[PDB]
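Trainee: what's the 3D shape of this:
(chains A, B, C and D)
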Amino acid sequence: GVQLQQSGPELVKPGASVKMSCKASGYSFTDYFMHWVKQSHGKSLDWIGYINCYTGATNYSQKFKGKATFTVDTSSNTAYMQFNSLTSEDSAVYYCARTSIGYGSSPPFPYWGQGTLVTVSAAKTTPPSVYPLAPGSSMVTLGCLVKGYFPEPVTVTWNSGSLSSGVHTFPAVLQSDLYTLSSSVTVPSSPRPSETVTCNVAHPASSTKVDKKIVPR
Amino acid sequence: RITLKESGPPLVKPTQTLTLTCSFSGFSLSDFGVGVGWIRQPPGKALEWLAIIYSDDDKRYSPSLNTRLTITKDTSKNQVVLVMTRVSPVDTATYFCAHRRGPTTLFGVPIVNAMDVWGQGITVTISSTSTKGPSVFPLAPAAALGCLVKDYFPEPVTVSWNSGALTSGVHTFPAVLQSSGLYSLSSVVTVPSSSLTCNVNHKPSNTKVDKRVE
Amino acid sequence: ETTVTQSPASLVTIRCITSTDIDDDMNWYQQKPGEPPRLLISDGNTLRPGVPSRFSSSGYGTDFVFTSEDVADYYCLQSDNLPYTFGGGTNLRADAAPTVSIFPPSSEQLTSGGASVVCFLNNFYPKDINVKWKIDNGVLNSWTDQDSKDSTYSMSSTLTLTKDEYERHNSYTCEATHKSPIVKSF
Amino acid sequence: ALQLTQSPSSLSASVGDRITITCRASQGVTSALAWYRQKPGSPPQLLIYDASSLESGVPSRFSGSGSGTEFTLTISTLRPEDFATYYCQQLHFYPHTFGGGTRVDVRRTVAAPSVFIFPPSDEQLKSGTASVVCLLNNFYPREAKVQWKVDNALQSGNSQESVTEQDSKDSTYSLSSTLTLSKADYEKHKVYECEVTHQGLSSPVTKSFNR
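Mentor: Numbering: from 1, shown residues only, chains lettered A, B, ... in the order given. Structure as follows:
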């Protein structure tokens, strides 16, 4: 099965440069073209350009020119993208999509990559403070409060993925250069306190990964 | 009357890039639903569809060359350029550029299944080999005999007998590409046993040889 | 350029008119939350093999058309000429009462001089909901995308007070006014 | 990828005859098929488009039917010029794949070839390389193979061959083989043979010589 594996999240200060990858699998790398699409927080979809994957030939959008620089590596079936002079408007999700056979360098884009998140700012990366949310003295809702962290993203699971039902993880919000996120989990009023319930929140940016057991008050 | 003509380098070295142009008249890429595609044909092989471009600038390339072929049109100059990068010995063949009729319109709306007009075809040879004259060896013994135009490059090479006096029974087979990257053909002639010179000429290497066969 | 305009941007039939005329070079992508877009249709309405028949891409020239697991943003893509341009896109049940839940500050937070009181309002419909933080500004609200199973919504209100600020009051409430306001306190 | 297998690939016919060519596609192709008639030197020529529609200025002996996954090109009365190769192209999907081709030659009584073996002439040996060419002259059908032997040592991979175009009169064929061996290797061995196998031969014929 075709698969475009995009590098993890990044965080750079304005004017700094970032380079992201896009490793392919399940198909002949050098037979297609790889494009790079940008998607602002707002949910737009800008075209950055494409790469040949075989000859290395490239083409950009007069808008991203000079700023974006595509690169390709045949030995590792990997596509790269160099971003320079980054502003706050660059803080978006960058994708890499492969073309269809016969169309050449033009779309459609049958396959897309994970998607790389990029945050540009001078704010210092701060680890999150996870707080357990136990009901104040048939279904019982519990949760965790991930406060004061930077930058995005943050992975929060329950019982290491065990609990997947009745789980609601809300979008982080900004408190002046610092995020705050929460997550709730509904479970029948029996596996708790009887059985253990824990939230697993990870902040890659700071390599932080803490578990918090929700005990009664 | 529609006309088409392929133009470009008759010879190219491996890895380099080949650029073929299709000159035409009798219609314009301004015409609706009209396209111009390319069809390649290796020596003694079947036809292979390469690509095709339309008035609307649409383009489609053979899955095999999806990243080596680039088709462009010059609506003005009435031309259609095709660029093939990283060429190899497997790309030597005759390239034809045909025209595809357009869909019947109705006030400008389509309401085509073939390449009605073709070109003359241009022969291209992808090789690194250098030009050199052919060696002529005799094929001494109805009765048969002939000459072996050896190790030459590139095609073609004209061969006649006795300044033309001979024809009956002469068989000049098509050259073969040797491992050397050079060619080699044999021109025989069958005549009466009781009846007991090949005029070889290699244009490029200006190698003209009229050997005798005893 | 080829300014592509989608319509509506929220609300099935979608529209996408372009600044320039072209072939049927207009793709359609479906994008669900947390993941990349999915190819649905290519140049000249060609449903990507493996996609429901419920999808079709009528249209040609400049005016194109597109007609619980379809909740996502749909985007048009012009495959004509550079720069390849997308559109503004457009995101796509029985009313349900919000299951509110109030949570007092954690011992760990209080130890840091902080104190936040959370209020979860899950699986409700529609999204239009009003929360009232009544004790005896400083609040945060976050809404989740429409559930791709029960098509319900959910939000969490976080009232943030100081350690002392929280200690001089022994009654916190977060009333939820949704289509009598649901009260819940401690 | 899609495939267009033409059937037959080669056939024998006579002037003023009736023949039929088929074009099978691995996948549906509506009526987006065309047939071309190509003759050496000149580019292919469109005969029938849209599967049934007959091109402009094209004879009537050319008829086209079929639809879906199989079509057929029928020639009522085979004229002379009609002796060539025919291809079929589908234009429903991309690429617009062409057919393998079908060889339409002239049907004529069997004709065993005349094998002539030619040893490597000196002058050439004076360059380290030796060439041993074998000649099959005026035979039929075009199907025939050559097998080289060096002291009863079946050679393989070190021999190329070429075939001529059916004679405009003889309507026959001729093959030219060539056994290339280094002078050194040549010198050692002595019995060089060229065994030709062809329909028109009750048994394989073998022409040989000694250094």
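Trainee: okay, now residue B:121: neighbour count?
Mentor: Other residues near residue B:121 come to 22 when the count uses other CB atoms under 10 Å in any protein chain shown. (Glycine included, C-beta is placed from N, CA and C.)
Trainee: so what's it up against?
Mentor: Contact analysis of residue B:121 by CB atoms under 8 Å, 6 or more residues apart in numbering or on different chains lists B:6, B:41, B:94-96, D:43.
Trainee: Then residue D:151?
Mentor: Residue D:151 is in contact with D:189-191, counting by CB under 8 Å, 6+ apart.
Trainee: Swap in 10 Å and give it another go.
Mentor: D:188-193 (CB atoms under 10 Å, 6 or more residues apart in numbering or on different chains).
Trainee: Ok, residue A:161 next?
Mentor: residue A:200.
Trainee: before we move on, back to that, drop anything exposed from the contacts of residue D:151.
Mentor: Neighbour counting by 16 or more other CB atoms under 10 Å in any protein chain shown classes D:192-193 among those as buried.
Trainee: Quick one: the contacts of residue B:121 as CSV, columns for secondary structure and neighbour count too.
Mentor: Formatted as CSV, the contacts of residue B:121 follow (DSSP: H, G, I helix; E, B strand; the rest coil; neighbours: other CB atoms under 10 Å in any protein chain shown):
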residue, secondary structure, neighbour count
B:6, strand, 23
B:41, strand, 19
B:94, strand, 19
B:95, strand, 22
B:96, strand, 24
D:43, coil, 21
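Trainee: Can you pick out the most distant pair from those?
Mentor: Spanning the widest gap among these are B:6 and B:41, at 11.8 Å by CB to CB.
Trainee: Name the residues contacting each of these two.
Mentor: With CB under 10 Å, 6+ apart, residue B:6 and residue B:41 have common neighbours B:94-96, B:121, B:123, D:43.
Trainee: Adding distance to residue A:17, write these out as CSV.
Mentor: Converted to CSV, the shared contacts of residue B:6 and residue B:41 look like this (distance: CB to CB, whole Å):
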residue, distance to residue A:17
B:94, 50
B:95, 44
B:96, 49
B:121, 51
B:123, 50
D:43, 54
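Trainee: What residues does the closest residue to residue D:80 other than its chain neighbours make contact with?
Mentor: Leaving aside its sequence neighbours, residue D:80 sits nearest to residue D:15 (CB to CB, 6 or more residues apart in numbering or on different chains; 6.0 Å). Counting by CB under 10 Å, 6+ apart, residue D:15 touches D:77-80, D:82-83, D:106-107.
Trainee: Could you do residue C:63 as well?
Mentor: Contacts for residue C:63 were tallied using CB under 10 Å, 6+ apart; they are C:15-18.
Trainee: And for residue 104, the neighbour number?
Mentor: All of this is about chain A. Residue A:104, neighbours per other CB under 10 Å, totals 21.
Trainee: my question was about chain D
Mentor: Quick note: residue D:104 (other CB under 10 Å) scores 21 neighbours.
Trainee: Show me what it bridges to in the sheet.
Mentor: Partner residues in beta bridges with residue D:104, using DSSP bridges, are residue D:11.
Trainee: I figured it was touching residue D:79, is that so?
Mentor: No: contact criterion CB atoms under 10 Å: residue D:104 and residue D:79 do not qualify, at 11.4 Å.
Trainee: I am finished for the moment; much appreciated.
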